[PDB]
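Residue numbers (my numbering), protein chains in the order written: chain A, 1 to 122; chain B, 1001 to 1419; chain C, 2001 to 2419; chain D, 3001 to 3053.
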Amino acid sequence: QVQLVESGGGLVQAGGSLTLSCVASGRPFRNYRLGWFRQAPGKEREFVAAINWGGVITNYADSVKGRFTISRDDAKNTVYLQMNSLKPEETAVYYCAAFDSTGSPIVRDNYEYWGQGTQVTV
Amino acid sequence: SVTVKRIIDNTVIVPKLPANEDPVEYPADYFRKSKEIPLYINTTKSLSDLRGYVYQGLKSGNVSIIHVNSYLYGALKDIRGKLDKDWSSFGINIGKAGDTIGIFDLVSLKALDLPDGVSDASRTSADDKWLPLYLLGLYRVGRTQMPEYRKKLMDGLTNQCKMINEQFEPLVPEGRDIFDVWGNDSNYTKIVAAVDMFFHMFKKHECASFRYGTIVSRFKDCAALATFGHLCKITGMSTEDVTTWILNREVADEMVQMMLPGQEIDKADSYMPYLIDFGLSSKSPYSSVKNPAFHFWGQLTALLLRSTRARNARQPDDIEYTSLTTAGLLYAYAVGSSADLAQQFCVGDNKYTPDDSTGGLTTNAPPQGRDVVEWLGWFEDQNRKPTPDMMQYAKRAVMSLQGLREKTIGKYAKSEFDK
Amino acid sequence: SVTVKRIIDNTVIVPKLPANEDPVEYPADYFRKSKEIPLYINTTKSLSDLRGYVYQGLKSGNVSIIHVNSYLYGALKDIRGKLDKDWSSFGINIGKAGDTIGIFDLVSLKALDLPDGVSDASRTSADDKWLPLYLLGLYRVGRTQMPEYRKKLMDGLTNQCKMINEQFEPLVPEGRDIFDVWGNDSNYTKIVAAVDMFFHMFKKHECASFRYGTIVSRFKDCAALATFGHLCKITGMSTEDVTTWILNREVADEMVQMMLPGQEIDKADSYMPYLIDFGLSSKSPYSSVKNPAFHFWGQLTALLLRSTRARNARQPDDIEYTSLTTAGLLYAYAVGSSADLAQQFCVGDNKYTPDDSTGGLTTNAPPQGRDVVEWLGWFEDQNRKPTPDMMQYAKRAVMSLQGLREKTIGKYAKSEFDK
Amino acid sequence: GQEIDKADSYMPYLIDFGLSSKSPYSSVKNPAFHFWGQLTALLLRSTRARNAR
RNA sequence: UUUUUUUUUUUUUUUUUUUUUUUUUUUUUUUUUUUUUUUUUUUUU
């Protein structure tokens, strides 16, 4: 098993930057995909960004390309994700997810582990 | 390098030969740079997609090694074992406490950065059982170009027939060329090495049969070391005693080369036996290519001491066959004459009491033990020429050998002493 | 472990070899944890359902081992015997007083926690008679990969033809691969071992024929012990006398390994002979794989003493063939020369009276009995080299041997002394 | 001065590079050396010399 | 009339390849192509 803790959320000014982090506990010494998701008020959980295990392959949703950046330090077993140029459409609860393999899916049914999530209001 | 002159006109000559580096890479010199070995793999497609990918790809001549790696991952990802004791190797603590360790805890997972392929349905999870066993077995099958020894595919076919009665090889006869390329993908070798290394620790796992096909990865390109074990077993002498019976300078340099002190060659479960497929080393230090005189010397001495494995051991090129053979003759003759029979168990607390009142001076007789210091002296009393009893002994050992292959030390010894 | 240095530059070297644990598990070390062995079985479906399950499953290539276990249970459940005396083994009192004991009193019944299968009718209770005999016989048939020795299926077919004249094997020729997997189900082996253990006590049962096929479970992976019995029989010497004629250190360690004092190796009816199929031990201590030098030494000595079984005994790998062979030569020569003929019955109370007035000093002659303390001394008087009468004796023993298999100690001895 | 001892040099390819039209190290310009050394090797249990011309 | 290597040139000259290997070794096993129910002349009165 693996536990994920999201950290770094809050409110920010319309147009401001922010960087969420997700800390993994349990078994970090094994293949596990890392992706960020979000869910807006009355909106189904959608994909935001993902990163493979090695830390070379990544992908972003169209709504956030250019702005957001994803990264991971598996030594400290975490995964940061810069969120520059925020917008009130960016307001949602952001979840950190893991699915054990060697890649990063674009769906929410590909993951196996989920954090509790942090609120982000803009 | 010493000055050489031509005596007819005092002209100085510089005898020089072409040089070949061919350096040697030890495993522990890899881990002081990187504290982990990566496995490049693609985790995009799903398991049941890869099953038809490699099944329909196997049935035809086309298959992507990326797909059999990516399929072998998820096909072997949920296999585990509970460690009785800790497991660490070259500064890598793979297992901590009582926590279970999987088959890919040994390596680190990275992402490969695609083959279009072709899919198939109706392929259930009953093929996830043996398709890894198959793909692993073809690594061992596809390393030998002999027509009948490559018929280990019948034993992979059999070992999978044990898993499912109606298993028949999903590969065309031309397939004898299909899995020969798999051994060139670094990640596939990093898979088979992790499978064998895992199943060596967890020995009685229900999936231990998977080790078939990966067992050829253990101590691959490490023959000379196995000849040192075979000699230390056939002679019955300790490693330190056998080490003294090295009388050739080349075998001395090679024996110093193999026994560098920080390569975990004595650990039971270590990364060392898989230094080639893991990529810890590109030129093994324990091969019979970098230790030729040791392979020839130890194998020949074993053969003279009634060995069976040595009858087919291959004779290396460009070594001192004469000096090496004489050394093996004195060694094998010493071990042969000195059986060193000694009483082990007694009944009425009566042991053999040797008689010291034998003073007729039975000199000019070979030594009584297996000490090198005495056999070199006796050999000096023989003018450093093998006595007719030594040559006759070797003839007795090599005669009645039949079915000998060419370029083997069995046919060499037979052709040398049997006349 | 003693310090070794290279004399050219005083450099210290540490000769070390790869290590392999391969520990040894004794049977009595299993019963101090669990005081009973379980048999995992499924008791859901009925007997007459399982009869068609395994009959129609046998006729085809598909059959569930769970169904042949669950069928063998109820098919053998109502078989019994009356104990003349008590029966206990490893702290398990299986039989109490005069009460009858069944075939599954030996193990404890647990529930297996399913195969869909397929059923059949018209199969009466006349197939419950021999279907257990069949399924048990295929365990013995399916353990040998030789094409003509696997034709023990003709003797199972015959032994069931004795039960019912019109019995013909309900298995396809491809079936040569069907029952080869049955030996991997722990509960099936726990069935055959209980059948053989039961029918060893109740010897003249009307269903004792069932022991055919299960007899290969008794002392399975326990060859070296049987070579100790074969040597103690061929030599004609006691176990303690033969134990003294061990002159090799390896055979000493192995002989100490087999003779641990709490494993019931001397009890007539015990759990020890079935320590492998019962799961009491995963690595037998009495195998010719953990006792190689004992197997080679005892088998070779027997062969030199006119043995027939040894003509086909296999030659292990990585042992001291030279020292072991010399030991077997001195032992077999001692037993061969010292027939020790002595008068046993007399008529007019006249016995052979040896003459002690022989004082011409007939020295330099071999000892008169079979004492090791004297033959080691005589052998020392022979400079620890086999005399030409010993080598000639061995040549006399191994010559005229024909039809010898490769890798056997018969062809080894013939190739060693017959020249 | 021909770099016959250097590990990586232009010398081993003096023929295809056109550095030399008649090699100095051939068994055509050094016949007695080829015969002598090859025969001595063969007498010292060589395998390559069994087919040397 | 000849000519008198069933010699021939242009370098060359392992029916040598270096990519690493190298028991037509894999052993998880387990190793009488032994087996038990008596029996044990392909003996008969």
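C-beta atoms are modelled at their ideal positions from N, C-alpha and C, and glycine is treated no differently.
Check: For chain B, check one thing: does any of its Cβ atoms lie closer than 8 angstroms to the Cβ of A/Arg72?; Outcome: no
Check: Any beta-carbon of chain D closer than 8 angstroms to the one on B/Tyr1212?; Outcome: no
Check: Assuming A/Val12 and A/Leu18 make a contact with CB atoms under 8 angstroms, what is their CB distance in whole Å?; Outcome: 5 angstroms
Check: With 16 as the cutoff for other CB atoms within 10 Å, does C/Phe2199 come out buried or exposed?; Outcome: buried
Check: Can you tell me which of C/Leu2153, C/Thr2158, C/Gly2137 and C/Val2141 puts its alpha carbon nearest to the alpha carbon of C/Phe2210?; Outcome: C/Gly2137
Check: List, in order along the chain, the chain A residues whose C-beta lies closer than 7 angstroms to that of B/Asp1105?; Outcome: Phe29 and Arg30
Check: Tell me whether the stretch 42–55 of chain A and the stretch 1076–1094 of chain B touch, counting them as touching only if at least three CB pairs, one residue from each stretch, are closer than 8 angstroms.; Outcome: no
Check: Could you pull out every residue in the same chain whose Cβ sits closer than 6 angstroms to the Cβ of B/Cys1232, ignoring the five residues on either side in sequence?; Outcome: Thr1239 and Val1242
Check: Find the residues of chain B that neighbour A/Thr102, judging by a C-beta separation of less than 7 angstroms, and give them in chain order.; Outcome: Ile1041, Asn1042, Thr1043, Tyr1073, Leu1109 and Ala1111
Check: Under 7 angstroms between beta-carbons, which chain B residues line up against D/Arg3050? List them in chain order, please.; Outcome: Simply none; closest approach about 11 angstroms.
Check: Say whether chain B places a C-beta atom closer than 8 angstroms to the C-beta of C/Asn2020.; Outcome: yes
Check: Determine, using beta carbons only, whether B/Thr1214 and B/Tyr1139 come nearer to each other than 8 angstroms.; Outcome: yes
Check: Below 7 angstroms, is the gap between the Cβ of B/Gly1360 and the nearest heavy atom of the ligand FMN?; Outcome: Because no ligand of any kind appears in the structure shown, any question about the ligand FMN cannot be addressed here.
Check: For D/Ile3004, go through chain B and note every residue whose CB falls closer than 7 angstroms to its CB, in chain order.; Outcome: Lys1016 and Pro1018
Check: Tell me, please, whether the CB atom of D/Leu3044 is closer than 8 angstroms to any CB atom in chain B?; Outcome: yes
Check: Counting only beta-carbon separations shorter than 8 angstroms, does B/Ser1284 have a partner in chain C?; Outcome: no
Check: With distances taken from CA atoms, which of C/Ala2111, C/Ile2066 and C/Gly2156 is nearest C/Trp2130?; Outcome: C/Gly2156
Check: Determine the burial state of C/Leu2260: buried for a count of at least 16 other Cβ atoms within 10 Å of its Cβ, exposed for fewer.; Outcome: exposed
Check: In terms of DSSP beta bridges, what is residue 1422 of chain B paired with?; Outcome: Residue 1422 of chain B is absent from the model: chain B starts at 1001 and stops at 1419.
Check: Any beta carbon of chain A sitting closer than 8 angstroms to that of B/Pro1038?; Outcome: yes
Check: Quick one: which unbroken alpha helix (DSSP H) runs of 4-plus residues sit fully inside the stretch 1075–1149 of chain B? Chain order, please.; Outcome: 1131–1141
Check: Using the rule of at least 16 other Cβ atoms within 10 Å of the residue's Cβ for burial, across every protein chain shown, is C/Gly2098 buried or exposed?; Outcome: exposed
Check: Compare the C-beta of B/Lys1414 against all C-beta atoms of chain C and say whether one is closer than 8 angstroms.; Outcome: no
Check: Rounding to the nearest angstrom, what Cα-Cα distance links B/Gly1377 and C/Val2002 in this structure?; Outcome: 23 angstroms
Check: Quick one: which chain B residues come within Cβ less than 7 angstroms of C/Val2181?; Outcome: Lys1162
Check: Anything in chain D within Cβ reach of B/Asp1078, meaning under 7 angstroms, just list it in chain order.; Outcome: Here the premise fails: no neighbours, minimum Cβ distance about 50 angstroms.
Check: Would you say A/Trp53 faces chain B, with C-beta separation under 8 angstroms as the test?; Outcome: yes
Check: Taking the continuous alpha helix (DSSP H) assigned at C/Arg2249, which residues delimit it?; Outcome: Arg2249 to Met2258
Check: Evaluate A/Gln119 with the Cβ neighbour count: other Cβ atoms within 10 Å of its Cβ, from every protein chain shown; 16 or more gives buried, anything less gives exposed.; Outcome: exposed
Check: Nearest-angstrom Cα distance between D/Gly3037 and C/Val2004?; Outcome: 39 angstroms
Check: Would you say C/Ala2223 and C/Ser2287 are within 8 angstroms of each other, going by their C-beta atoms?; Outcome: yes
Check: Starting from the C-beta of residue 2422 of chain C, find all residues in its chain whose C-beta is less than 6 angstroms away, skip the five residues before and the five after it, and write them out in chain order.; Outcome: Residue 2422 of chain C lies beyond the stretch modelled for chain C, which goes from 2001 to 2419, so this question has no answer here.
Check: Using DSSP's beta-bridge definition, name the partner residues of A/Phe99.; Outcome: A/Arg33
Check: Please go through the stretch 1002–1089 of chain B and give each complete alpha helix (DSSP H) segment of 4 or more residues, from N-terminal end onward.; Outcome: 1028–1031, 1047–1059 and 1065–1076
Check: Given a cut-off of 8 angstroms on the beta-carbon distance, is the pair A/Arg108 and A/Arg67 in contact?; Outcome: no
Check: If we count Cβ pairs, one from each stretch, closer than 8 angstroms, do we get three or more for the stretch 1048–1062 of chain B versus the stretch 1103–1119 of chain B?; Outcome: yes
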